[PDB]
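Just the one chain here, the form deposited in one PDB entry, laid out as structure tokens.
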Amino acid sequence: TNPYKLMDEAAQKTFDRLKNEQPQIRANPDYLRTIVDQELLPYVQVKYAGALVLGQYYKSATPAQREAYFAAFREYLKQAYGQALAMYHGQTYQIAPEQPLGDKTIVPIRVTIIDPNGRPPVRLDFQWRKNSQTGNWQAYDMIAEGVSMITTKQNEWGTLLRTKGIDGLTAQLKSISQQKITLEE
């Protein structure tokens, strides 16, 4: 279980479904949520990325609040990444070539989304951590062009956390995950 292979398998499998399952996506755009759930989330440290988004506000949550938060957060990943896969129009991808890992516990792995018409590339640095029990590698952030998504969400949900706490943020996640995914034509 090595992050460069996993990064590449996740990518291969996602692109395959996006190319070959247009009928399913067009019959029901929320079917993108499946492609995210089956091809991308198995490699995502969903609790850890959820907890990082909470920061200070993790310590204060009851187990009940945390489990309701994480459930909401996974639904919210499927919806949000689903809505991003709605931007597919026959892009291809490139992976950073494998480095040796040595003793490193964090590794950034770039996937360049490549436009078929030679429009500008999108550089996504996926952040992989070695799990400290199992040794397995999982993604826990995405740096889109220069910017951490996790930091982007800390900043954007910070008032909602100061005003309404985890419960407020869990209500907003559930709310967004109920938005039907929309397709460009």
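Between two forms, the rigid core is the largest collection of C-alphas that superpose within 1.5 Å. We number the residues from 1 along the sequence you see.
Below: the form deposited in another entry, not depicted.
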With the core superposed, find the residue in 124, 61, 44, 54 that moves its CA 2 Å or more between the shown form and the other one. 124
Core-superposed comparison between the shown form and the other one, residue 160 Cα displacement 2 Å or beyond: no
Is residue 114 one of the residues whose C-alpha moves 2 Å or more between the shown form and the other one after the core fit? yes
Would you tell me if residue 71 moves between the shown form and the other one by 2 Å or more at its C-alpha, with the rigid core held superposed? no
